[PDB]
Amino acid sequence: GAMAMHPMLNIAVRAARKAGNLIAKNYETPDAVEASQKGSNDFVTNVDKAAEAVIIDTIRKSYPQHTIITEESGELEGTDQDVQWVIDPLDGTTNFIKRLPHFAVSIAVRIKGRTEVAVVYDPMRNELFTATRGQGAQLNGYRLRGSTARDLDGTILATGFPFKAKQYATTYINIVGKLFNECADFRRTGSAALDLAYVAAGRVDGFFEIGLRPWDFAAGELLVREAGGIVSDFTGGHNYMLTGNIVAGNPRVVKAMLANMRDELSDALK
């Protein structure tokens, strides 16, 4: 088949591959990795900052007019306010420090607040997940179509524990135990961007997590949607854009998850 590429997706892939190379080289020789603690069980390295600089440099050589948003730099405002690049330079920093090789670079581009193109890149497996709004999602050029589960029976649900917000621990454990009455099993990998890519690829059947930040899920949301799935908050509404309480999967899995979870929700999660 004939291959093509959207110009902003081309630059997003270029930036993610260059940052990913730098990350993988520092994995193999971690003699110069220097870690620092942000908050509770939350770390940032010198590798994170070098990857971020590479991504910003790549974007700005081609689109100096565009706004860029990251966790460590905040909002670097540009003259064209309609476009925003939303970046996570290294998702999975605890895995990286421990040399567990599951981590990724995440880049989303939004026009007027709506996601248009997305990249999630695993530099250890060389797995490039891409999506363009209205044109589908891909892994290494192959089109993604999600899971075909019709309810929770037999399903595998990806998730993250609230390790940075343990005031939610009791409620979260109750939600997991209640879901386990109907689903088969869970996966907990330590990269939310790759967990959402795996929902899009059908490697798991759904995902749920409390309190993610915007760059954690901006790219993975478009992967899920272009592969036939939906994203909602824990009551089925649209407020995940503000709270980061995320549920994702095909429409029948998400409907069944929400029906199971409804009576275990705390006020804060409502």
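Numbers for residues come from their place in the sequence shown, where the first is 1.
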Item to check | Mean Cα B-factor comparison, 91-99 or 140-148, giving the higher one as deposited | outcome: 140-148
Next on the checklist: Highest mean C-alpha temperature factor of the two stretches 155-163 and 106-114, which is it?
Outcome noted: 106-114
Item to check | Most elevated Cα B-factor in the entry, residues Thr67, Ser62, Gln37, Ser232 | outcome: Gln37
Checklist entry - Checking the entry, which one of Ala201, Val54, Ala32, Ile210 has the top C-alpha B factor? => result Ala32
Next on the checklist: Quick check on the deposited entry: does the C-alpha B-factor of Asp205 sit in the lowest, middle or highest third of its chain?
Outcome noted: lowest
Next on the checklist: Can you tell me whether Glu182 has a C-alpha B-factor in the lowest, middle or highest third compared with the other modelled residues of the same chain?
Outcome noted: middle
Checklist entry - Considering only modelled residues of the same chain, in which third does the CA B-factor of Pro214 rank: lowest, middle or highest? => result highest
Checklist entry - Should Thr189 be placed in the lowest, middle or highest third of its chain by the C-alpha B factor in the entry? => result lowest
Next on the checklist: Splitting the chain's C-alpha B-factors into thirds, which one does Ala169 fall into?
Outcome noted: middle
